[PDB]
């Protein structure tokens, strides 16, 4: 179990397209890089993945099992991914605890920045509640409202800074974890 609190951003450095599989090499920030090793299972954009290789600051993952239910297949070199390593000495399982099991891909309907808030409206596709949390790209937060097929999450603006939520646009695909 993870908290859905993103600890840093990685930047995709390389992608190997073999694609019912892809290998992503992601540049990690020093503090995260030094806590991981081959075999580390951690969350990348909310998705549980295993470190295959580390060379200097580039941490590699093979996306295979996850390839059909996540955004990785369509990511590009330079893109920013959310990173979270499991709690070191345990945690109290809330609430919005994440498993890293991504239920599927959804799409940003609308984004508005106003009043110290990042308001994010996500359209949930047919084949994929409002008192629950939801994980989006590994960010766990309470749902604000649901209207039709669209879920409204009202994030504090600081999450714009510390996660890739602040790069999202109308039409951006995201990894959704429902809980549960």
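Residue numbers count along the first chain shown, from 1.
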Point to revise | Of 144-152 and 42-50, the one with larger mean CA B-factor | key: 144-152
Revision key, fill the gap. Comparing 66-74 with 132-140, the higher average Cα temperature factor in the PDB entry belongs to 132-140
Exercise for review: From the list 31, 113, 37, 57, select the residue with the highest C-alpha B factor recorded in the entry.
Suggested key: 113
Practice item. Just grab whichever of 168, 15, 161, 11 has the top CA B-factor as deposited. Key: 161
**Study point:** Assigned third (lowest, middle, highest) for the C-alpha B factor of residue 82
**Key:** lowest
**Study point:** Lowest, middle or highest third - CA B-factor, residue 91
**Key:** highest
Check your understanding: When the modelled residues of the chain are sorted by Cα temperature factor, does residue 180 land in the lowest, middle or highest third?
Key -> highest
Check your understanding: Relative to the other modelled residues in the chain, which third contains the C-alpha temperature factor of residue 26: lowest, middle or highest?
Key -> lowest
